[PDB]
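Q: Can you read through this structure? Questions will come right after.
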Amino acid sequence: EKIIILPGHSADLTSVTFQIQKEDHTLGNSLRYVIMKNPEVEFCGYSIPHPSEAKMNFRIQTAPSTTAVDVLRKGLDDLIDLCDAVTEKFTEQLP
Amino acid sequence: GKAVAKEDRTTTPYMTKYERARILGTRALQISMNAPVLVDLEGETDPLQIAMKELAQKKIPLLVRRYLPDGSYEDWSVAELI
Amino acid sequence: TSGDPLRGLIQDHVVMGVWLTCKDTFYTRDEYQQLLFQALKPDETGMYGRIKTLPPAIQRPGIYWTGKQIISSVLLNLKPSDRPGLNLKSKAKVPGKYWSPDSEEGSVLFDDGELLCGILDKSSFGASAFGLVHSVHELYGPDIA
Amino acid sequence: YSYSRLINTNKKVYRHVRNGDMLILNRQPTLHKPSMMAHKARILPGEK
Amino acid sequence: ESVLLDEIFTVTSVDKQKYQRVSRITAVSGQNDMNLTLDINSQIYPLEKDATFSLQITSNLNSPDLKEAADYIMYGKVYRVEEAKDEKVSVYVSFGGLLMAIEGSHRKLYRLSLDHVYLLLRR
């Protein structure tokens, strides 16, 4: 189970708490820094319940305009786009 | 000995700090041993906290006896205590 | 033995609490959100749905929160559903003259559950009476303390 | 025998401890009552 | 319009003690019957001595006054108001640590309350 909805989710699916499995800040901090770049996010903060396990409780609260799943979707996509831009540029640098 | 009449009861009308503890203890015990619950569950699984939900509404049987050192004793329904 | 509380925070917590609480602090939206969530972690505790924050103390030329706003925020997050916010004034451990001659910090003062002035220290939170946490214990029930 | 209260008993499952369990903590020597208290259980993975 | 201050002020002193960040300043002005001492972010909104001011404290920050005016905006609750020695009042507004103390003659300063502030500073 990669990413799961925790039972603290809002009825409106506006405040859901993604629990990413087998992961740490390596993806977390990048994810949040990307997400905070979304105007439709009212809240974005990650933590770790305990390092011994590899679980990262994630948090998304947003305006009632759009729910959290689409938010996380687009945030991931934008991050991937960042990866591609970085890769393209660097690769172009050397021959 | 004697049972103190309900009319004249000098024991504190307050649920003592110890009385809540023992009461919830046995109510958990009953409920865990397949006793009828007088409060709707909310998906609750721990047989014990269920008794918390029961006390929070004071919908609970099992009156208590307060023994005076003389030899008398009061019989306080849980609904009657504060 | 006496009413003095003994459980509470220790060297590292009192230290960085002193540092952060000092009015010279500032936070962008990123830091404020990350820190507030980091302290809350409600899921591991449960019982809570969504996180509420406060407006930034300053807005222009840029939004910035202060640590004192942060303490107020967390204090708000645990405010019992219907229990009036906390109002209190009590001396800090660090004497006021350390910050400045006639320094205003001196003693923590804050009403309705919002940190107004003064910096927290061992006397505010920790094995100390009539700090912040002791009044918490008295008012919002022990479990919230 | 003819002592039928056993019809009302249940099967008792001995179960492990979990995240809601109350287990006593203590320390020797235990002078005053806050030297022995009750704690909630949370099971951590990894460490021993 | 729920404006509670409009007086123009001029800086009298700045410090800048133990803090690289926000510095207290006293900019008492008017006809010396309006004495102002607060803290200001001397890194993002720097100020110097004898700097002219445009200070206003509204109740709700809902106006184009926001966009046009108020080059520097704070927020906080006023926790203390007193009248001492005279029919002259002194107000202590916290802005989450960042304090402010103003002394006015019970007027130009009479509408004040014990609510938040939304301080507005334009040079």
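Ordered as shown in the structure tokens, chains take letters A, B, and onward, while each chain numbers its residues from 1 and ligands are numbered from 1 in the order shown.
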Do you know which residues are at most 10 Å from residue A:20 counting only C-alpha atoms, after dropping those on the same chain fewer than 3 positions away, and could you put them as a PyMOL selection string?

A: chain A and resi 1-5+17+23-24+27-28+54-58

Q: How would you write, as an MDAnalysis selection string, the set of residues in stretch 14-77 of chain B that DSSP gives as alpha helix (DSSP H)?

A: chainID B and resid 17:32 49:56

Q: Would you mind listing, for every residue of chain C within 8 Å of chain A, the two atoms forming the shortest contact and the distance between them in Å to one decimal, using only C-alpha atoms, sorted by chain and ascending residue number, as JSON lines?

A:
{"residue": "C:30", "atom": "CA", "partner": "A:36", "partner_atom": "CA", "distance": 7.1}
{"residue": "C:33", "atom": "CA", "partner": "A:45", "partner_atom": "CA", "distance": 5.8}
{"residue": "C:34", "atom": "CA", "partner": "A:45", "partner_atom": "CA", "distance": 4.7}
{"residue": "C:35", "atom": "CA", "partner": "A:45", "partner_atom": "CA", "distance": 7.9}
{"residue": "C:37", "atom": "CA", "partner": "A:45", "partner_atom": "CA", "distance": 5.6}
{"residue": "C:38", "atom": "CA", "partner": "A:47", "partner_atom": "CA", "distance": 5.6}
{"residue": "C:41", "atom": "CA", "partner": "A:47", "partner_atom": "CA", "distance": 7.1}
{"residue": "C:43", "atom": "CA", "partner": "A:8", "partner_atom": "CA", "distance": 6.8}
{"residue": "C:44", "atom": "CA", "partner": "A:49", "partner_atom": "CA", "distance": 7.0}
{"residue": "C:46", "atom": "CA", "partner": "A:8", "partner_atom": "CA", "distance": 7.3}
{"residue": "C:48", "atom": "CA", "partner": "A:8", "partner_atom": "CA", "distance": 7.3}
{"residue": "C:49", "atom": "CA", "partner": "A:8", "partner_atom": "CA", "distance": 5.7}
{"residue": "C:50", "atom": "CA", "partner": "A:15", "partner_atom": "CA", "distance": 6.2}
{"residue": "C:51", "atom": "CA", "partner": "A:43", "partner_atom": "CA", "distance": 7.9}

Q: Need to verify the contact set: residue D:8, 12 Å, only C-alpha atoms, exclusion of same-chain residues closer than 6 positions in sequence. Can you return it as a tab-separated table (two decimals) with C-alpha atoms, in the first residue's frame?

A:
chain	number	residue	atom	x	y	z
B	30	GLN	CA	-20.05	-6.42	32.37
B	33	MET	CA	-18.83	-10.29	29.33
B	34	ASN	CA	-21.75	-9.81	26.93
B	35	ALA	CA	-23.93	-7.45	28.91

Q: Report the distance between atom CA of residue E:41 and atom CA of residue C:24 in Å, rounded to one decimal place.

A: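 Atom CA of residue C:24 lies 9.0 Å from atom CA of residue E:41.
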
Q: Quick one: residues within 8 Å of stretch 13-19 of chain E, only C-alpha atoms, excluding same-chain residues fewer than 3 positions away - as an MDAnalysis selection string?

A: (chainID C and resid 24 99:100) or (chainID E and resid 22:27 48:49)

Q: Taking only C-alpha atoms into account, which residues of chain C are within 7 Å of chain E, as a PyMOL selection string?

A: chain C and resi 23-24+57-61+66+68-69+100+115-117

Q: When you get a sec, could you note down which chain C residues fall within 12 Å of chain D, using only C-alpha atoms, as a ChimeraX atom specification?

A: /C:1,5-7,44-45

Q: Those residues you just picked out, can you put them in a file as a PDB file, in the first residue's frame with C-alpha atoms?

A:
ATOM      1  CA  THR C   1       4.940  16.962  49.167  1.00  0.00           C
ATOM      2  CA  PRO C   5       4.720  20.287  39.559  1.00  0.00           C
ATOM      3  CA  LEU C   6       7.689  18.107  38.677  1.00  0.00           C
ATOM      4  CA  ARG C   7       6.848  16.708  35.250  1.00  0.00           C
ATOM      5  CA  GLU C  44      -1.101  10.096  15.892  1.00  0.00           C
ATOM      6  CA  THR C  45      -3.366  11.437  18.639  1.00  0.00           C
TER       7      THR C  45
END

Q: Record the distance separating atom CA of residue C:108 and atom CA of residue E:89, expressed in Å with one decimal.

A: 23.6 Å
